[PDB]
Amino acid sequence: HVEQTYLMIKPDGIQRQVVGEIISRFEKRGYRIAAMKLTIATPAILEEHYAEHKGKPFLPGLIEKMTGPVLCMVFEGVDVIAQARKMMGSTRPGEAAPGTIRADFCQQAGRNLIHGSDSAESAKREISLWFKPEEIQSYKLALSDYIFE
């Protein structure tokens, strides 16, 4: 049984030109790219993305830093929602484990390179917000017999 998570490379990942390195980390585990799209995030879509934080004082600056090119992604794998969060590491890079994306690439929470869904419910919500259903592609990885038990 596989699931799908929403992963988004933030404008700092684009501008520091580490998009390929990020994708490679997920491909390395045999996670399948089910969707991928470059767009420019706008305040209106970011308000819906960060709806849980509506009204808080840090949201305006969060929206400013996120207004920029982003890579929208959907990856598929076993337990991929929780596993992708583990691979990203703590929100605060200084607290993130060595070997995680945020520990390896970043210094502060406000520039922490990547977003990933925190639950099944948020993955469904975020994939619907950032993608049309035709953009989610169904295909099977040829190495499936050596990735899955």
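Residue indices: 1-based, along the sequence shown.
Visitor: So 7 to 15 or 135 to 143, which one's hotter by mean CA B-factor in the entry?
Guide: Of 135 to 143 and 7 to 15, the stretch with the higher C-alpha B-factor average is 135 to 143.
Visitor: Taking the mean of the C-alpha B-factors per stretch from the entry, tell me the winner out of 119 to 127 and 93 to 101.
Guide: Comparing 119 to 127 with 93 to 101, the higher mean C-alpha B-factor belongs to 119 to 127.
Visitor: Whose CA atom has the top B-factor in the entry, of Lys28, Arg32, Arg85, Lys65?
Guide: Of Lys28, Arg32, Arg85, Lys65, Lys65 has the highest C-alpha B-factor.
Visitor: Quick check for you: using the entry's CA B-factors within this chain, is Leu113 in the lowest, middle or highest third?
Guide: Tercile = lowest for this residue's CA B-factor.
Visitor: When the modelled residues of the chain are sorted by Cα temperature factor, does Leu38 land in the lowest, middle or highest third?
Guide: According to the entry, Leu38 has a C-alpha B-factor in the chain's middle third.
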